[PDB]
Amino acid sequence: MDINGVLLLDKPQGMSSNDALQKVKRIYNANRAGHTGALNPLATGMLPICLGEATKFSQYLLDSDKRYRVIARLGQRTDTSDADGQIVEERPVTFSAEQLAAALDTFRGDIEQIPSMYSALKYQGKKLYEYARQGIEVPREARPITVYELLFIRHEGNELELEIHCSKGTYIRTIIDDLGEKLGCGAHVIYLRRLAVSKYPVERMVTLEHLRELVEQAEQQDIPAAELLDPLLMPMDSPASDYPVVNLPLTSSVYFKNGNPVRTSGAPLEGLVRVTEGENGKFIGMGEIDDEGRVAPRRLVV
């Protein structure tokens, strides 16, 4: 009975995202597990973990929006754009309040971004950071990201704190390093927390220690860790919740499950959709409307 679902963990600081994933994977004794977007060791926040069948639809989160809380240290520039690196430049913070508003505004809307060499973006088979750590630079191509909202939380001393909502693949890290140059002093990130991923309730987040407490509480009360861990998970189809659902009668789905496109009533004129079966409205996987208007299976649950 492999476990399937989504766990909204709150990543501990100074831990790599893969490490958090493995510990969660082991804790739930799940055969398969993947995360839907990384968080740097320094950062903390929401890191969705897809378990079992859920890993199948992880691309949808991977591509959704994320909201962050970040504090930057003005006057200093690091080689990795964050506190976890060596300082390469240190200059006086001398920008006027109005110079700070103009800048914060240049990063609003649709913009192009050249990510840090210290990232997992792939170049010729290797991770960019691999070249970095070896003291090598490679040409990068500006990527198009979207800043939905930028919030000026404050500005005290050498600190500037903001909260931003952005599209997938956004390196707030780079905005700070970029902004640091616009202002004239330099700037690296010292605090980073992902508040949300897509329309996910921060109220469902749980910390690694909290999971470890439930496990402990389980042996103690002599009950299966599952009876406590399982309820913390979101449904496996949640990653595709952003799509229209469609139900098929047991009769129409037996064909669907054999890779056969089928016809139904309330079937969208195009795009992806979640497919469910008769009564319970049980989820059986992702479909897509083809040229003939039928609902063609694309990825199914075993």
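Throughout, we count residues from 1 along the sequence that is shown.
**Q** Quick check: 244-252 versus 43-51, which has the larger average CA B-factor in the record?
**A** Result: 244-252.
**Q** Out of 117-125 and 197-205, which stretch has the higher average CA B-factor listed in the record?
**A** Stretch with the greater average CA B-factor: 197-205.
**Q** Could you tell me which one of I27, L61, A33, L272 shows the highest CA temperature factor in the PDB record?
**A** Highest C-alpha B-factor among the listed options: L272.
**Q** What third of its chain, lowest, middle or highest, does the C-alpha temperature factor of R91 fall into?
**A** CA B-factor rank for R91: middle third.
**Q** Compare the C-alpha B factor of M286 with those of the other modelled residues in its chain, then answer lowest, middle or highest third.
**A** Lowest third - that is where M286 ends up once the chain's C-alpha B-factors are sorted.
**Q** Taking only the Cα B-factors deposited for this chain, tell me whether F152 sits in the lowest, middle or highest third.
**A** Its C-alpha B-factor, which the entry lists for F152, ranks in the highest third among residues of this chain.
**Q** In terms of the CA temperature factor given in the entry, to which third of its chain does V302 belong: lowest, middle or highest?
**A** Within its chain, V302 is a middle-third residue by C-alpha B-factor, going by the deposited values.
**Q** Taking only the Cα B-factors deposited for this chain, tell me whether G75 sits in the lowest, middle or highest third.
**A** Within its chain, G75 is a highest-third residue by C-alpha B-factor, going by the deposited values.
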